[PDB]
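Coordinates in review
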Amino acid sequence: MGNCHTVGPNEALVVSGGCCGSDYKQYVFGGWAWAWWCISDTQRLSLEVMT
Amino acid sequence: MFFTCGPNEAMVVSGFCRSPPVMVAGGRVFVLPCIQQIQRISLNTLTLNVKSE
């Protein structure tokens, strides 16, 4: 089982593990990503202005 | 599904096969609701009372 994750331009999505290897971080900043339930975790961070 | 905004707003669409997000000010866009996301921004003017003491 895997899920399709949609990301806004304002968000950095980091996915660890995936189709390219074991020991790596997948870098995303808007758009989308594919994630396997137990082969790749999904974590996001906001890129917005803070004052 | 079609989504529309007034000239007072801009629509931002991100998702499957739409990695560079599409931005449209006052128009219509065809979107996959379960596989693509739509966000908005108001283009209205703000009348700010800028105090100083």
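Residues numbered from 1 in each chain as written, not as in the entry; some residues may be left out. Chains lettered and ligands numbered in written order. Part of a larger assembly, values for the part shown. Heavy atoms only, no water. Residues with missing side-chain atoms left out of burial classes, pairs and counts.

- Method information in the entry identifies cryo-EM as the source of the structure, with 3.5 Å recorded as the resolution.

What about the packing of aromatic side chains?
- With the rule as written, the count across this model stands at 3 aromatic pairs over all chains.
- Pairing A:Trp32 with B:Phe16 gives two aromatic rings, centres 5.1 Å apart and planes at 55 degrees, and the pair type is tilted. Highlighted residues: A:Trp32 in strand β2 (residues 21–36) and B:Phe16 in the loop between β2 (9–15) and β3 (18–25), drawn from two different chains.
- Judged by its relative accessible area of 35%, B:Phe16 is partly exposed.
- Arranged with centres 5.3 Å apart and planes meeting at 80 degrees, the rings of B:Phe2 and B:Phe30 form a pair that is edge-to-face. With B:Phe2 in strand β1 (residues 2–4) and B:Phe30 in strand β4 (residues 28–30), this pair connects stretches of sequence that are 28 residues apart. (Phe/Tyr/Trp six-rings, centres within 6.5 Å; stacked < 30°, edge-to-face > 60°. Helix = DSSP H or I, 4+ residues; strand = E, 2+ residues; numbered from the N terminus. Buried < 20%, exposed > 50% of the residue type's maximum accessible area, 1.4 Å probe, protein only.)

Quick word on the environment of A:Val14
Residues and elements named next belong to chain A.
- Considering the arrangement of structural elements, one finds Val-14 in strand β1 (residues 2–18).
- Along the primary structure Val-14 and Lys-25 are separated by 11 residues, whereas in three dimensions their C-alpha atoms are 6.7 Å apart.
- Residues contacting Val-14, with those up to four places away along its chain left out, are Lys-25, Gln-26, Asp-41, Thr-42 and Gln-43. (Contact = heavy atoms within 4.5 Å.)

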